[PDB]
Student: 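Sharing a structure, written as structure tokens. Questions coming.
Each chain gets a letter, A, B and so on, in the order the sequences are listed, and its residues count up from 1.
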Number of protein chains: 10
Amino acid sequence: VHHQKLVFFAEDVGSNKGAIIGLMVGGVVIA
Amino acid sequence: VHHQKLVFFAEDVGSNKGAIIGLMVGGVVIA
Amino acid sequence: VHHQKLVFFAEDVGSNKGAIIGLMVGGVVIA
Amino acid sequence: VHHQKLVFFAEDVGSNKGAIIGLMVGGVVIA
Amino acid sequence: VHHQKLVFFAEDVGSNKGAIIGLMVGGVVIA
Amino acid sequence: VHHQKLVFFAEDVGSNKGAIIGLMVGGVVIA
Amino acid sequence: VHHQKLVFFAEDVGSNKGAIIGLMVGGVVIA
Amino acid sequence: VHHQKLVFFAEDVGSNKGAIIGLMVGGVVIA
Amino acid sequence: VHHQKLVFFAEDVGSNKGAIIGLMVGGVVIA
Amino acid sequence: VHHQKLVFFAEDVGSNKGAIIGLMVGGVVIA
């Protein structure tokens with residue numbers, strides 16, 4: 001099994017006020 | 001099995017206030 | 001298993017006020 | 001397993017006021 | 001098991017007023 | 001003319017990611 | 001003319017990531 | 001004309017990552 | 001014309017990472 | 001014209017990592 005660039009951005013990102021996760025297996029995230 | 005660029009953006013993204021996840025297997029996300 | 005560049009940004013990022021996580025297995029994050 | 005470059009930035013980052021984590025296994029983070 | 005460059009920055013970082021952690025196993029961080 | 005408590009909250013507010021304005025006369029708001 | 005308590009909160013506010021304005025007459029706000 | 005307590009908080013405020021303005025007449029705010 | 005207590009906090013404020021302005025007439029603020 | 005207590009805090013303030021301005025007429029602030 002091989003994972004790569006699971007989430008890809010190719011230009012500007014203004015701002016992030018939420019959650020950006022690549023691989024989510026467990027735990028709690030509150031953004 | 002091979003995963004790659006599961007979510008692809010090709011221009012500007014204004015802002016993110018929600019959730020952007022590539023591969024979601026378990027756990028709790030609250031955006 | 002091999003993991004690589006799970007979250008990839010290719011241009012400017014204005015600001016981050018939330019969470020940017022690569023591989024989320026456990027624990028609690030509050031952004 | 002061989003983890004590498006789990007979170008990759010390729011240009012300027014304006015500012016960070018939240019959390020940037022590479023591999024999250026346990027504990028509590030409050031940003 | 002071999003970890004490497006878990007969080008990678010390739011250009012300028014303006015400022016950091018939050019948390020930048022490479023591998024988070026336990027304990028409490030409040031930024 | 002008298003204005004008083006134009007927007008009233010009486011319990012907890014979880015989070016706000018939009019706009020909460022009391023009296024809107026002019027200008028541009030983008031939330 | 002008299003303005004008083006144009007926006008009223010009576011309990012806890014979790015977090016604010018948007019705009020909270022009392023009296024908006026002109027100018028540009030981007031939250 | 002008399003302005004008084006245009007934005008009123010009566011309990012704890014967790015955090016602010018946006019804009020809290022009382023009287024907005026001109027200029028540019030980017031939070 | 002009389003201005004008084006344009007923004008009022010009555011309990012603890014956890015942290016501020018944005019802008020808290022009382023009377024905004026001109027200029028540029030980037031938080 | 002009389003200005004008085006344009007921004008009022010009545011309890012503890014944890015920390016400030018942004019801007020707290022009373023009367024903003026001109027100039028540039030980057031927090």
Side-chain angles (χ1 to χ4, degrees), chain G, chain H:
Chain G
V1 55
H2 171 59
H3 305 96
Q4 186 179 2
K5 294 181 176 67
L6 292 192
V7 176
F8 193 100
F9 293 90
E11 293 293 328
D12 300 350
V13 176
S15 75
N16 172 45
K17 302 182 173 174
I20 302 179
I21 307 157
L23 167 56
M24 179 67 230
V25 175
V28 173
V29 180
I30 300 159
Chain H
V1 55
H2 171 59
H3 305 96
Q4 185 177 2
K5 294 181 176 67
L6 292 192
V7 176
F8 193 100
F9 293 90
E11 293 293 328
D12 300 350
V13 176
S15 75
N16 172 45
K17 303 185 174 175
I20 302 179
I21 307 157
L23 167 56
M24 179 67 230
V25 175
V28 173
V29 180
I30 300 159

Student: Could you report the tightest heavy-atom contact between G:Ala10 and H:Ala10, atom names first, then the distance?
Tutor: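 Closest pair (atom of G:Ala10, atom of H:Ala10, distance): CA-CB, 4.1 Å.
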Student: Looking at H:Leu6, H:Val13, H:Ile30, which has the largest count of heavy-atom pairs under 4.5 Å with chain G?
Tutor: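 Counting heavy-atom pairs under 4.5 Å, the top option is H:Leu6.
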Student: Which pairs, with at least one residue in residues 11-31 of chain H and sequence neighbours excluded, count as a ring pair (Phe, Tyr, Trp, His ring centres under 6.0 Å)?
Tutor: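 Found none.
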Student: Taking only distance into account, so ignoring hydrogens and angles, what donor-acceptor contacts under 3.5 Å exist between chain H and chain G?
Tutor:
from	atom 1	to	atom 2	distance (Å)
H:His2	N	G:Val1	O	3.4
H:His2	O	G:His2	ND1	3.3
H:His2	O	G:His3	N	3.2
H:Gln4	N	G:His3	O	3.4
H:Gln4	O	G:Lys5	N	3.4
H:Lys5	O	G:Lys5	N	3.1
H:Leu6	O	G:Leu6	N	3.4
H:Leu6	O	G:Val7	N	3.3
H:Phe8	N	G:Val7	O	3.0
H:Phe8	O	G:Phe9	N	3.1
H:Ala10	N	G:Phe9	O	3.2
H:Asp12	O	G:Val13	N	3.2
H:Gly14	N	G:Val13	O	3.0
H:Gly14	N	G:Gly14	O	3.4
H:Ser15	O	G:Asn16	N	3.2
H:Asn16	OD1	G:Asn16	ND2	3.0
H:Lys17	N	G:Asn16	O	2.9
H:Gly18	N	G:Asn16	O	3.4
H:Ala19	N	G:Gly18	O	3.1
H:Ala19	O	G:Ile20	N	3.1
H:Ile21	N	G:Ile20	O	3.2
H:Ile21	O	G:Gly22	N	3.3
H:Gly22	O	G:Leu23	N	3.4
H:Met24	N	G:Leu23	O	3.1
H:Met24	O	G:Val25	N	2.9
H:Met24	O	G:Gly26	N	3.3
H:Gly27	O	G:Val28	N	3.2
H:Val29	N	G:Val28	O	3.1
H:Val29	O	G:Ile30	N	3.1
H:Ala31	N	G:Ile30	O	3.2

Student: For chain G, which of H:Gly14, H:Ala19, H:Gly22 has the most heavy-atom pairs under 4.5 Å?
Tutor: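 Option with the top pair count is H:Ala19.
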Student: For chain H, which candidate among G:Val29, G:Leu23, G:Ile21 shows the most heavy-atom pairs at distances under 4.5 Å?
Tutor: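 Among the listed options, the one with the most contacts to chain H is G:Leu23.
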Student: Just grab all the ring pair (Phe, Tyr, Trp, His ring centres under 6.0 Å) pairs involving residues 12-31 of chain G, residues at least two apart or on different chains.
Tutor: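 As it turns out, there is no ring pair (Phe, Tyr, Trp, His ring centres under 6.0 Å) pair with a partner in residues 12-31 of chain G once direct neighbours are skipped.
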